[PDB]
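Residue numbers (the deposited numbering): 1 to 423, 444 to 1008, 1018 to 1156, 1164 to 1300. Structure record follows, encoded as structure tokens.
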Amino acid sequence: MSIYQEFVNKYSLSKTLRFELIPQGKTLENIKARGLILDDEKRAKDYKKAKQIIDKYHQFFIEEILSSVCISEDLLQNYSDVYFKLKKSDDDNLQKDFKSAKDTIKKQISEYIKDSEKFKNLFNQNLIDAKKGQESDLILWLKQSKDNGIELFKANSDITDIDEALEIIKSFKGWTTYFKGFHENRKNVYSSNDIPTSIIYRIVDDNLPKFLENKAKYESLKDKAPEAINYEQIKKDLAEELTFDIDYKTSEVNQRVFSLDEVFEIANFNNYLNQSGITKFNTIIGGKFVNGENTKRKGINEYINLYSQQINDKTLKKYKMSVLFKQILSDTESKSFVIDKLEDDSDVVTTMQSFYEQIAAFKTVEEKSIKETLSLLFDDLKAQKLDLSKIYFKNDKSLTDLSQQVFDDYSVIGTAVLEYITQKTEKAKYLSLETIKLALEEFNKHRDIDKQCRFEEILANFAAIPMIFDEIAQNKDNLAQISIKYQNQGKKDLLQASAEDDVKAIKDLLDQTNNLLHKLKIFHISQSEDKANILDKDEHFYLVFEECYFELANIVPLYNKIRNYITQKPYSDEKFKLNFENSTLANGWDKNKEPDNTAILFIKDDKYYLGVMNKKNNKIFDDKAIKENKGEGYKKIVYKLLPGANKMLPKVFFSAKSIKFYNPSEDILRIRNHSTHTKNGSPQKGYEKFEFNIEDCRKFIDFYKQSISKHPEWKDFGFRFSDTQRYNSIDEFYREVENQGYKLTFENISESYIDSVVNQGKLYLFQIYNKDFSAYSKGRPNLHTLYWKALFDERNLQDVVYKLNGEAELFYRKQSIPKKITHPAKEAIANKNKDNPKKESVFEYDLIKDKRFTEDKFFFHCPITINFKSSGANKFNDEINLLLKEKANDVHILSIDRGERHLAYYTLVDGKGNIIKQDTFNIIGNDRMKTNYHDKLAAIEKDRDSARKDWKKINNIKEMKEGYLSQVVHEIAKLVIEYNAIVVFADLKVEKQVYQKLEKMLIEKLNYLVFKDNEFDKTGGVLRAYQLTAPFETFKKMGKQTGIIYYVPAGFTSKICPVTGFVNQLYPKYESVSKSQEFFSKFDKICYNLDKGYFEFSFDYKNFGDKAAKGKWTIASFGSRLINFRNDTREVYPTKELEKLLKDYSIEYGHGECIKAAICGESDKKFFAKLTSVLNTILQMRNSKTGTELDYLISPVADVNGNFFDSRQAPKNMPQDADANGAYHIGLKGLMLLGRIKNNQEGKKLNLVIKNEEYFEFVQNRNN
RNA sequence: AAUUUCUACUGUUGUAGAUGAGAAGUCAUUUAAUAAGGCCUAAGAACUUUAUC
DNA sequence: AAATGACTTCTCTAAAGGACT
DNA sequence: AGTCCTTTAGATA
Ligand SMILES: [Mg+2]
Ligand SMILES: [Mg+2]
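Have a look at this one:
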């Protein structure tokens, strides 16, 4: 029996259920005869375009507003000062000092945009369909732009010009409220609320702090690395981006190149508000590419990086600047060169023809082909025809590659010159070939006779380069046949997967050309003007070579152009919205709205149906029709709902049309006008908010109760309210109104009436369907089927848990693959499970791969609310902790880790620290297939990496991860309930993302946890789901606990002895021979014990420089250990590789000698090198092999019985391997939290931060 | 190898588990290309820093 | 530049009211 | 005047 039986019906949540819709009888033929699906297909395209057209207007409006905005230096400085004082301090004085400063700037920007005339009509019917004889704001702006010759839509292929846009806008004339969701998305762009969709948030919450942090990095930088930035280069390189019209500190409106100090003046933040100012600021930081220049113009960050690598000061990396985030809705245009963009397949073959024809037709000034020239030059190079003191290699990575390519090894050349010159320095930018030959021939007498690198292995490498030109000649053979396949204007066929083998041929030609250019690059001498040192060169060689190199170098933009096109994802049809001619289809189920929102639900013989009324026949279910056609057939749902009580009651009782009937007294109007019935509600317009008065609240509730009982319809809800003196705030009354203002009833409608209206196309009827509704389905249904049926179940309607919401949507999805009969009826099919008792299965029917995608389908997305009458758990974590304190002796800890070998690894631990269960999650259960998901995901990740590199389609991995994790979540939920467990995670495409996704899916499942085997009305069943995590808002709001899930710091959890708590904090790495002689006499004793046959190192961690480390330890040379390298991992024994360190230096320890003095009185440099290396082999507790085998954890610190923990030989209540050890210590950190929860005393806060000292103390001292 | 949809199946016109949609915006990352740089916490069958796209 | 993944916002309404036929 | 699309009403850590 669970400690959690009360954590049920705690808070409400929203969900969507999805179903197929199966048209019934003649509804499909009737739908087709009126062309409703094709018209909605077109409307979805038109609606996307209308929204693109409206956004051009928003783009204009945002620029116009931000050009007007000026934030005062005073407000910015006040922001800056408290921003940096909440660094360094967290006094509550400042926290609302900061919120006040922030909010002053937000209100200022808000007033500016509420000032424009364009704002008032941005979100209403005046935008596109103004009355009365007025022009629509959007139509006007479109006409004005057409008069100013502005071409808004040359940038998107869907819209020809302004006149097509105007047609599109006008086609939505009676359809303004269809835009209501989109208008809410656009209101979010301008909100002053603290939401990240707004330009105000983008300016004040994102970009202002980044700018200020950048100002502080600039001032710190000038103090500590003054010559890092070349101020005169940057003024010349980025003068365009340093130009501004207004200096906001001096306020002069002269347009000039600003100084770096001026851009970081706080007033000039007003120049980085809109997108053009953000891009200027970002270019100052990041430089640009300019067409024609080979070198890239540098920005601030590049100077910071280079100076930091030139003087090797790693501390300047903290000064890297942060880019400002883009402005919301803006288009991005770079200030670096923009490559041409190919648009179709024709552009691909035309662009490649043009390049490879030029390369073939080109002649040098000596009238020779590129191939003839290169053969001529390189054959003469090999024949020693050339003066190799006149030929050079660039002394950069191209020479790095040349050694690594020819001698399989870098720096056989690079090292060979650092020697022959020695036989003070600076980088020589180019190196003679004679210097190369003479240097390495002397380098090869130092070198082994076998391992010897000739100079003419280099001259061989180049004699072979003209080889490539008729491999490329043959590659343009076959490509000529591929070229005609694809030269069609506009067709884009080359993005499809059928073209993959042709694309491989296009890429391999491009890659051979590209490889060719990179091999020759080692010869090219640039015209970048530093002429600080130039060379005397064979001038004929460089004449014709450079001409050839320049022609071939056009491969660079060609390669990018083609990649940027071929790697596009093809266009694919997706499902689209169906409207059945109704702009408010299914917006609300209420009986009074059925004529407007033409959707109706029916039940018949345990099946469910959706009916859509034809627009022309929308009275088909009015009261008269229902009485005249009552009969057995279909049970029509009657839905009554009173939503948003806090808005709906005043709306109705104070309306112009009804206020005289409801007759609120002057007292009631006073309370309303000043909102004294609320704590933080809105007064009426013109009135000031006065303070909450509970007596006023209760008079208002009583006015509401009297008005409800007089209301012609709402009284039929049969409200039963608490006594008004029991309410302490008006939300407690609105909740009772909402809880009870929801009723489902049923009318019986004759089957023949439904049939007749379906046959005539007056009703469109669909069965609501998933496979659980099949007459054959005899298994446990899906959770979502259980929720759906619960909506209408009389046990739910007695006391509503599941509630049906308005704003459902209908979709149509076209067939996307051919109907292939993959497994024909009555032919045996092999079973994949090799452990299955049936090696094959046979069916009386066909089996069709992906059958749902082989025909057109209708769908129904239906929103619901779960726990409809439950009260948000604002103190949910506090309630959990109260329970965990009372029941702390039943609680287990389920801690989950990850690592290289495990997507996730768990340990279940009891209150004493015993492991009860421990295993990897790589293989599930109880999974009959025994799939190793660690191998499966790694195989998908590698296939995706190859697809990117081969320009092939990139498959999805997230569905693969979610499907695996859905089984892990299921296992964790059973373990939580079975063992009264809490779940503990370590705080923090690469599957360490799986760990984060596991957390996310587990939190969501524990928001609302139903066990399908439990009974409907009992704990864990459909009406009483467990809620064990807190309602999820965001991750920043989440903190370190959500319900029974806790996050603990990650440090020191894997490499730590599970018995002694020992951790290597020595960090022994070697450098100086006295620091080592200092390091080792820093011990208490080093000794030998032959009772046991191993050495000892007694020491206290405080006598070493790190004072964080506590405790005296004696570590021992006991046991095996392993080590990797690269040709692989070997096995070593430290307690005897020690004797060879004692044989060469004639130490002797044999009879128990305290050996400490001897090692400190040696100074062979590398006697220490072995000694330090064998000491950290002692501290290496985690020990892995390159094999498929697991890795174990061994401890060099003995327990009280003097035994040494080994994971290979460990009791079941202790870690069985090293990965288990990591999860175990996450769990021990959870035991600490459980002890704080248990020992907390009522009133005071729970401290859940665990510092390492507390952890080390806990782990070191719980055994002793 | 069937699905509201996803994963694994054959569990037999389906079995098991999971499944909050639609709309909007933004950020992050990967891969390629390119520039100037480091280097045997990782690596020349290169590894890697900053930056542009 | 192409691509996928992940995060944060809004809605999940009946009825009053206005414009037009 | 009746119709029907668009706007409206504005709690609660
Ligand atoms: Mg089932
Ligand atoms: Mg499948």
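Yeah, the Cβ is synthetic: ideal placement off N, Cα and C, and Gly gets one too.
- Residue range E559 to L572 is occupied by the alpha helix (DSSP H) that includes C568.
- The beta carbon of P1078 lies closer than 7 Å to those of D1007 and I1286 in the same chain, with the five residues before and after it left out.
- When the five nearest sequence neighbours on each side are left out, no beta carbon in the same chain lies closer than 6 Å to the beta carbon of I234.
- Taking C-beta separations shorter than 8 Å and ignoring five residues to either side along the sequence, the partners of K107 in its chain run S192, following chain order.
- Under the DSSP assignment, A1193 falls in the alpha helix (DSSP H) whose first and last residues are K1192 to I1195.
- Nearest to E520 by C-alpha distance, out of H731, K972, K249 and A33, is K972.
- The set of residues whose C-beta lies within less than 5 Å of a heavy atom of ligand 1 reads, in chain order, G799 and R800.
- Spatial neighbours of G1266 in its own chain (CB-CB distance under 7 Å, excluding positions within 5 residues in sequence) are listed in chain order as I913, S915, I1002, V1004, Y1075 and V1077.
- The way I'd put it, the segment 268 to 277 does touch the segment 307 to 327; three or more beta-carbon pairs between them come closer than 8 Å.
- Fewer than three Cβ pairs drawn from the segment 931 to 948 and the segment 1275 to 1285 lie within less than 8 Å of each other, which leaves the two stretches out of contact.
- Across the structure, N649 and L783 are spaced so that their CA atoms are roughly 15 Å apart.
- Between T744 and the set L399, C717 and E566, the nearest pair of CA atoms involves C717.
- Considered as a whole, the segment 893 to 925 harbours 896 to 906 as its complete alpha helix (DSSP H) runs of no fewer than 4 residues, in chain order.
- Shown here, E1225 sits in coil according to DSSP, grouped into three states, outside any helix or strand.
- Where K644 is concerned, the enclosing alpha helix (DSSP H) starts and stops at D643 to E648.
- Short of 8 Å from the beta carbon of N291, and not among the five residues preceding or following it, lie these beta carbons of its own chain, in chain order: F337.
- A straight line joining the alpha-carbon of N535 with that of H544 spans about 15 Å.
- Secondary structure at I22: strand, using DSSP grouped into helix, strand and coil.
- By the neighbour-count criterion, in which 16 or more other beta carbons inside 10 Å mark a residue as buried, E241 falls on the buried side.
- Listed in chain order, the alpha helix (DSSP H) runs fully inside the segment 719 to 805 are 750 to 760 and 771 to 779, counting runs of at least 4 residues.
- In chain order, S603 place their CB closer than 6 Å to the CB of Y178, counting only its own chain and leaving out the 5 sequence neighbours on each side.
- In the same chain as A1234, and ignoring 5 residues on each side of it, the C-beta atoms closer than 7 Å to its own belong to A1145 and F1240, in chain order.
- When the Cα atoms are used, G1080 and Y1291 turn out to be separated by approximately 10 Å.
- By the Cβ-count criterion, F84 is exposed, with fewer than 16 other Cβ atoms from all chains shown falling within 10 Å of its own Cβ.
- The alpha-carbon separation between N1000 and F1061 amounts to approximately 22 Å.
- Looking at the backbone, the Cα of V821 and that of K644 are separated by about 33 Å.
- Excluding residues up to 5 positions away in sequence, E860 and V862 lie with their Cβ nearer than 6 Å to the Cβ of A848 in the same chain.
- The segment 6 to 18 makes no contact with the segment 749 to 767, as fewer than three CB pairs between them are under 8 Å.
- For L66, the enclosing alpha helix (DSSP H) starts and ends at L36 to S68.
- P1087 has its alpha-carbon roughly 11 Å from the corresponding atom of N1249.
- For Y1117, the enclosing beta strand (DSSP E) starts and ends at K1114 to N1118.
- Boundaries around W141 are those of the alpha helix (DSSP H), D137 to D147, since no beta strand (DSSP E) includes it.
- Residue pairing of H881 in beta bridges, as defined by DSSP: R18 and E829.
- The Cβ atoms of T885 and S14 sit closer than 9 Å to each other.
- The DSSP-derived three-state label of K823 is strand.
- Beta-bridge partners assigned by DSSP to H843: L867.
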